[PDB]
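In this analysis, Cβ positions are derived from the backbone assuming ideal geometry, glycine residues included, and neighbour counts consider all displayed protein chains. Throughout, read-outs are computed from the coordinates displayed, never taken from laboratory work.
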Amino acid sequence: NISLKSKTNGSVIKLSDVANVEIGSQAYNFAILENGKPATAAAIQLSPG
Amino acid sequence: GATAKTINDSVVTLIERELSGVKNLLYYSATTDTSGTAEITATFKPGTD
């Protein structure tokens, strides 16, 4: 419902008019396949010593 | 200009995440009040430099 002001005619438009609002992910650069089925995972690296 | 909760969530947790990798540490603690400042303390084993 965030409102923008059209420059062409001055009419009030909503954010949905020019964009799609969704609940997505921060990034889409990594994926994890465990035994051939999607999953999530993290790697642990030791401290020095 | 912020309350205790904001500093605890944004600052204290993030900082305390990195003090688990220090050597000769005996314990750690953190405190934040309604004063705009947060204090974290790391206590080491006696005799440490």
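Structure notes:
- Overall, chain B carries a charge dipole of about 140 debye about its Cα centre when +1 sits on the Cβ of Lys and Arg and -1 on the Cβ of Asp and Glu, all other atoms neutral.
- For the residues of B:5-16, the average number of beta carbons from a partner chain within 10 Å of their own beta carbon is 0.
- Over the protein assembly as shown: helical MRE at 222 nm, DSSP H runs n ≥ 4 each giving -39500 (n - 2.57), nearest 500: -2000 deg cm²/dmol
- Residue (of B:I7, B:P46, A:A41) at the positive-pole extreme of the protein assembly as shown, dipole from beta-carbon charges: A:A41
- Here A:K5 is the anchor, and the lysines within straight C-alpha reach of less than 18 Å, apart from those fewer than 8 places off in the same chain, are A:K14.
- The overall shape of the protein assembly as shown, judged from the alpha-carbon gyration tensor, is oblate: a/c is not under 1.5, and a/b is no greater than b/c.
- Ascending count of other beta-carbon atoms within 10 Å, so fewest first, for B:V12, B:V22: B:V22, B:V12
- DSSP-loop GluC sites (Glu not before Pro) across chain B, with at most 15 other Cβ within 10 angstrom: B:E18
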